[PDB]
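Single-structure report; data block below.
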Amino acid sequence: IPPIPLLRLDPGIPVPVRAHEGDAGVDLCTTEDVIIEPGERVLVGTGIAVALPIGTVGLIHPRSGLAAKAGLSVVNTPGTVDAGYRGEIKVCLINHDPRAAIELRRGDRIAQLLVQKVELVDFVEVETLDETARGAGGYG
Amino acid sequence: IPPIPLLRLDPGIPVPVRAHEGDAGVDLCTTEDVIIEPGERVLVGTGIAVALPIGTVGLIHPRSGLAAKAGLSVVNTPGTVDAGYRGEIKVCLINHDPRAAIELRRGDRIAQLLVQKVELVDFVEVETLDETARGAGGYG
Amino acid sequence: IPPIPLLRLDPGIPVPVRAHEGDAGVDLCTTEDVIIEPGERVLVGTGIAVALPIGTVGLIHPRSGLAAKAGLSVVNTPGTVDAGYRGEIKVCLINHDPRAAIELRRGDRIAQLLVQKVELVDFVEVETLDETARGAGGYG
Ligand SMILES: O=c1ccn([C@H]2C[C@H](O)[C@@H](COP(=O)(O)O)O2)c(=O)[nH]1
Ligand SMILES: O=c1ccn([C@H]2C[C@H](O)[C@@H](COP(=O)(O)O)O2)c(=O)[nH]1
Ligand SMILES: O=c1ccn([C@H]2C[C@H](O)[C@@H](COP(=O)(O)O)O2)c(=O)[nH]1
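Protein chains in written order, with my numbering: chain L, 4 to 143; chain P, 4 to 143; chain G, 4 to 143.
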């Protein structure tokens, strides 16, 4: 698989690497210290820009450990990085703990980045849809 | 790629379109005005139904801008739209800001819809699993 | 498609099944009773371990009904289960309702598990990225 071009915007942030051979994501870091009070959110930079190939999408997922241990998550999760995006990747972090603030230092790992294929499809208006077993059963 | 049949249930909502050639998602709108007080959630309709082909899934992701700027997100994110679903697509919105209510008007864009392949696999019970390097290391 | 080896760690939890032929996910249950007070979170076990093949990822999504009806969600959503993981799958649940606690009993369905392909790519540092129409337009 062709590697993804990565631009290091911040010399103090390492190039992300895959920790185990089949791991879905690579770690993303914050380029700045932040204290996130309970219920508050903050947008931080990751120090990198990428050129994802057309046909793929980058997905920003919360880190599992910080989620369970501190309530740290991502407001717009899964964060959606489009193939044509050439800016710095940013993460919108939120503290879901009711009591304890979260302190993050520059260089701390804050999220993980997955790359997947996406169907670049068009939607064609029709007058009727075919029928299925599941039907209109759903709870939005 | 074969286009996806789309049924317009609401004549006041446009047919979604892909804004740039490789963008992962298309915009979804609310069919109704809502004011979402801090910490509250609401289920809104999008005015469309689709027939996704077997082998794919529709994913409802929060919009990036509204997430960072107002704290708007989706409670069940990523919202999972099954291939056999033939009802109106709905979005369960939540206001994660601690202070400021969010006002959305009919026609406002509230989320984005991605289409991806999904593995329709069966799970076979075994007595033992093979071993790996990562192991049982995880923080749920 | 080759079925996924599943290890039942808890004899009181059923083997997950796909409810309709094209449904994206299978149901995951909690192995324990929990009461989740408003704004609080809890890590529960699902009673199963799996061996996902290299090249895939397991994704833990909130259940749609409980999200809209009770505010139940997943803190690290989408929960990311790596191919090399051989431990018990766990779910970090959170109550986003401001008022009403959520009571879940052992055996209740709490989430859904999807399986998708993931691109196991490397990132190669470059000095410059190519240019696109979308550009650096984004709201993290
Ligand atoms: O954000 C969502 C999530 C689900 N659904 C619809 C389409 C799904 O296939 C159906 C699933 O609901 P349950 O069958 O899981 O209740 O609900 C939505 O409209 N929006
Ligand atoms: O919702 C989740 C997320 C992760 N994991 C497990 C499987 C993952 O591969 C492992 C990853 O945890 P870390 O290695 O990132 O700590 O934890 C879960 O059981 N449930
Ligand atoms: O978590 C996120 C989400 C989005 N983006 C960037 C890359 C996206 O393509 C662009 C999309 O933003 P809008 O064009 O949707 O405003 O923002 C991020 O850096 N981080």
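C-beta atoms are modelled at their ideal positions from N, C-alpha and C, and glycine is treated no differently.
Determine the burial state of residue i: buried for a count of at least 16 other Cβ atoms within 10 Å of its Cβ, exposed for fewer.
i, result
"residue 80(G)", "buried"
"residue 100(L)", "buried"
"residue 108(P)", "exposed"
"residue 26(L)", "buried"
"residue 73(G)", "buried"
"residue 7(L)", "buried"
"residue 136(L)", "exposed"
"residue 89(P)", "buried"
"residue 15(P)", "exposed"
"residue 39(L)", "buried"
Quick one: does the C-beta of residue i sit closer than 7 Å to a heavy atom of ligand 3?
i, result
"residue 79(L)", "yes"
"residue 140(G)", "yes"
"residue 63(L)", "yes"
"residue 49(G)", "no"
"residue 59(L)", "no"
"residue 143(G)", "yes"
"residue 76(G)", "no"
"residue 68(P)", "yes"
Can you check which of these residues, the options, is closest to residue i by C-alpha distance?
i, options, result
"residue 62(P)", "83(L), 27(L) and 131(L)", "83(L)"
"residue 113(P)", "24(P), 35(P) and 8(P)", "35(P)"
"residue 106(G)", "128(G), 87(G) and 37(G)", "37(G)"
"residue 32(P)", "42(P), 22(P) and 47(P)", "47(P)"
"residue 67(G)", "77(P), 67(P), 59(P) and 73(P)", "77(P)"
"residue 130(P)", "102(G), 72(G), 129(G) and 11(G)", "11(G)"
"residue 57(P)", "17(P), 15(P), 85(P) and 75(P)", "85(P)"
"residue 104(G)", "118(G), 44(G) and 25(G)", "44(G)"
"residue 138(L)", "123(P), 122(P), 91(P) and 119(P)", "91(P)"
"residue 17(L)", "19(G), 8(G), 136(G) and 126(G)", "126(G)"
"residue 50(P)", "19(P), 70(P), 24(P) and 59(P)", "19(P)"
"residue 118(P)", "39(P), 64(P) and 15(P)", "64(P)"
"residue 70(P)", "121(P), 120(P) and 115(P)", "115(P)"
"residue 110(L)", "9(L), 21(L) and 30(L)", "30(L)"
"residue 134(P)", "132(G), 87(G), 123(G) and 128(G)", "87(G)"
By DSSP, does residue i sit in helix, in strand, or in coil?
i, result
"residue 69(G)", "helix"
"residue 79(L)", "coil"
"residue 5(G)", "coil"
"residue 142(P)", "coil"
"residue 104(P)", "coil"
"residue 135(G)", "coil"
"residue 30(L)", "strand"
"residue 23(L)", "coil"
"residue 92(G)", "coil"
"residue 40(G)", "coil"
"residue 59(P)", "strand"
"residue 16(L)", "coil"
"residue 128(P)", "strand"
"residue 10(G)", "strand"
"residue 99(G)", "coil"
"residue 109(G)", "coil"
"residue 48(L)", "strand"
"residue 84(G)", "strand"
Considering only heavy atoms of ligand 2, does any lie closer than 7 Å to the CB of residue i?
i, result
"residue 92(G)", "yes"
"residue 32(L)", "no"
"residue 18(P)", "no"
"residue 83(G)", "yes"
Should residue i be listed as close to ligand 1, given that the test is whether its C-beta is under 7 Å from any heavy atom?
i, result
"residue 88(P)", "yes"
Touch check for the region 85 to 105 of chain L and the region 123 to 143 of chain G: three-plus C-beta pairs under 8 Å?
yes
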